[PDB]
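Next come the chains, spelled out residue by residue.
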Number of protein chains: 2
Amino acid sequence: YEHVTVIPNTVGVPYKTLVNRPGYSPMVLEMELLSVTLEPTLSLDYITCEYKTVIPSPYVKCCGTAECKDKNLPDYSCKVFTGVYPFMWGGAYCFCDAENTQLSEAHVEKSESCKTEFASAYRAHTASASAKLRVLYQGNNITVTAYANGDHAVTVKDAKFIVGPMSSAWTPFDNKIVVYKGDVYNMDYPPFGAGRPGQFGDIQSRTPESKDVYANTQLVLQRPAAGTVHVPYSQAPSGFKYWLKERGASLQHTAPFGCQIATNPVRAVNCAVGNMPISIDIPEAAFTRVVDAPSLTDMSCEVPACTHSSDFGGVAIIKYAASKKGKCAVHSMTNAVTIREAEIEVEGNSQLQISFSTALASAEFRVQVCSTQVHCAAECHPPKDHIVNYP
Amino acid sequence: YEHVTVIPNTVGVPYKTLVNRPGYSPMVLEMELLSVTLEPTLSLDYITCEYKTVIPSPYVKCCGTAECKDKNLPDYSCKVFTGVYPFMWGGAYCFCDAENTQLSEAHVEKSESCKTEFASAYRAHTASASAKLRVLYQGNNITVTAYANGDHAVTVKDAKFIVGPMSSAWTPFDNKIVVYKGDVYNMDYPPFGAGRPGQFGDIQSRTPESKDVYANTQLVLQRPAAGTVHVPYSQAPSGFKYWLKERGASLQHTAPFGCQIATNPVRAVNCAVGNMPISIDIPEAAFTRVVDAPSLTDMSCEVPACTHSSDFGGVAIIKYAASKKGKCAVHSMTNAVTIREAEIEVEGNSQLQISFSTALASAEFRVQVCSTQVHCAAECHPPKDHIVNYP
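Residues numbered from 1 in each chain as written, not as in the entry; some residues may be left out. Chains lettered and ligands numbered in written order. Part of a larger assembly, values for the part shown. Heavy atoms only, no water.

The PDB entry lists chain A under the name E1 ENVELOPE GLYCOPROTEIN, with Chikungunya virus as the source organism. What the PDB record gives as the title of this entry is "CHIKUNGUNYA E1 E2 ENVELOPE GLYCOPROTEINS FITTED IN SINDBIS VIRUS cryo- EM MAP".

Shown next as structure tokens:
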């Protein structure tokens, strides 16, 4: 028998569903989010990290003129300084008084930290929706993990589950995303070769193993001090270090519909948005015929304690007269009231105790135990105030 | 000086562009498309290949009843056959005449071929457009490789190039693609765990290294022959082998706009579709002032040979009177006629020979050599035929 219901896409909220197969005793199934997943297809554009300035020993050409050549290196800087007369510990390095030149050379590269401390720029497109789930089935908790596309059929204990399709297709993941460790950010990052100094992408490496990198940081070589061998220079602070403090809160904190954000792989979990249809093909063996189930008569209900809140603040004592011993399903016939118990064991001329949740101060509700209904009258009192902390 | 022009997105067609900086001698640049790459971001869903039927030695329980257990393996089949009496070379395998059972066991896995022969199912989204090309600049051919987004600035010989954005955002790739060696196919492939028997995806492996696989192929175990130890069975042919012959022509052959399709990485090259804007920031040094360039007078033009075709079927002899020796740019002032030569050397009271292309039978056109225009009258004859085989 195929049971079809729709629950809101909210994690941590147990929902009760009444399965009524004609000629068979009612069945109450408790369902609670399993952990849906929206995993987008990623295409790595580049990685960014803290940059590092490669300066070799300067070429001090004694009695001659050094020549600068155009080298295809990031932020390559070359300058030949005339009229130099450098000194070392034991005197002048050059034989000539005049006509000595110093060739100052420098270029920019990935820091030693780039393997450990880095942010990845990804192109995110067409996310694959997947669904799992649980279910209080036959007095036991079962877990169902399925794609929420309304096609992926998952069978657990002969019960076939079809989850979705999701009412909302929204994805807290734009076309361009940035990943740093366990945090994901929606960012229209600059493309490769377009990074700005002191900003995210001042240094860009296509892959973390890449030998050649793009760099746009303001490296300018200066004339060395009189009689001194050194390479003085002026150079915008790390864009990655700047982004680390300027990034703000990640998608885990900013995303709508109560989305949980995870990495390795990058995915949106339990989106707090829209609803989720559930299809359960319950096998014939799970059902008990009305004749094979206990028959209940002379039913009465009393509410000795009630507090209208988000949790089960209500207590109800139901007296009954059962034809035989067996298990009966417990369900509220009023949508404004929900019962914690899904199934209770009946004996004969005995009583049952149930836990209920309602927002109503004056709660009048019907409880169906097996195939018989009983009216419950409840005067519910305020908790810590209207608003409630449970769904 | 920024020169801005627009060329059709067609590879192998040389285009002539006239750069006219006020107060500077005209400059003719020949441009020919080098490559335009559209690389989509890929997310691997699964791989498929030829399947292989794992059948271990059957459990022949002599004087007892064997028991089948539910094993989580693809297409797992188990059957216990009663009343068996199997024989080996030296007689009966069992001591008992009756009450012997044979447990036949089977499951389905990836073939040994799966590492070599396989198709990959990818989720393709938001393609990154990249560009380069051939420019006849200062009598030399220069190659510019740039992303056709209208942002990526590439500088070659102090000339800054900005290619795009593309007039057409057409791809040839859909949301779901299938890759087999050097061939790409647009296919709405079945999701993981939804593959049909004898069709693409009858066997599905999330990764080529994956131990567990999905299989939906009709494996049914049969009762063994009298006194025979064997595992007879009935079983849809390989879906991958079927797809290999049913796939049809790949995207390289079917894609519009003359798209070339390459793999490793999957990309669309030279999409025959729309036009491409080109921005060239030509440096000051490349230009020659009108006063510094030769002055041409007493110009005459004669066409001794002409054939109206896709190639340079026209010949023109231009007589001139130059003030001094130097290089002059050659350009057609009529859009219906195009000249092969971009630059020629002038001496004085001499003549020049140029090659031209036109579709006109009666071609009347103006040729600008340096800063002076000359009228050319041409009677062009039919080629081989209509329609042309060059752009």
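The rest of the description comes next.
Residue and element names in this part refer to chain A. The residue after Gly164, namely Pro165, is reached through a cis peptide bond having omega 0°. Here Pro165 is to be found in the loop between β15 (159-163) and β16 (176-180). Phi angles above zero are rare outside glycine, and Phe257 is one such case at about 60°. (Helix = DSSP H or I, 4+ residues; strand = E, 2+ residues; numbered from the N terminus.)

This part covers the nonpolar core. Counting residues in each nonpolar core, the largest one holds 31 residues, and the members touching the most others are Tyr137, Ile280 and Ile282 of chain A. Within the second largest apolar cluster, 30 residues are counted, among which are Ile7, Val36, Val135 and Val163 of chain B. (Core = buried A, V, L, I, M, F, W, Y, C linked by side-chain atoms within 4.5 Å. Buried < 20%, exposed > 50% of the residue type's maximum accessible area, 1.4 Å probe, protein only.)

We now examine the packing of aromatic side chains. As enumerated under the stated definition, the model contains 26 aromatic pairs over all chains in all. Pairing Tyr85 of chain A with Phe87 of chain A gives two aromatic rings, centres 5.3 Å apart and planes at 80°, and the pair type is edge-to-face. You can call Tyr85 of chain A partly exposed: its relative accessible area is 29%. Residue classification places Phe87 of chain A among the partly exposed residues on the basis of a relative accessible area of 45%. Sitting over the face of the ring of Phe192 of chain A, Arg206 of chain A holds its NZ or CZ atom 3.8 Å from the ring centroid. Geometry around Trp243 of chain B places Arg247 of chain B over its ring, the cationic atom sitting 5.7 Å from the centre. (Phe/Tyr/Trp six-rings, centres within 6.5 Å; stacked < 30°, edge-to-face > 60°. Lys NZ or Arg CZ within 6 Å of the ring centre and 35° of its normal.)

Here we come to the interface of chain B and chain A. Contact with chain B, which involves 19 residues of that partner, is made by 19 residues of chain A. Together, the buried faces of chain B and chain A total about 1,300 Å²; carbon and sulfur atoms form 44% of this surface. There are zero salt bridges connecting chain B and chain A. Where chain B touches chain A, the interface holds nine residue pairs in polar contact. Mapped onto the side of chain B that touches chain A, the elements with two or more residues apiece are β4 (35-49) and β10 (118-137) of chain B. Here the residues of the side of chain B that touches chain A sort into seven nonpolar, eight polar and four charged. (Contact = heavy atoms within 4.5 Å. Buried area = accessible area lost by both parts, 1.4 Å probe. Salt bridge = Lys/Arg side-chain N within 4 Å of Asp/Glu carboxyl O. Polar contact = N/O pair within 3.5 Å; in protein donor to acceptor, adjacent residues only side chain to side chain. Nonpolar A, V, L, I, M, F, W, Y, C, P; charged D, E, K, R; others polar.)

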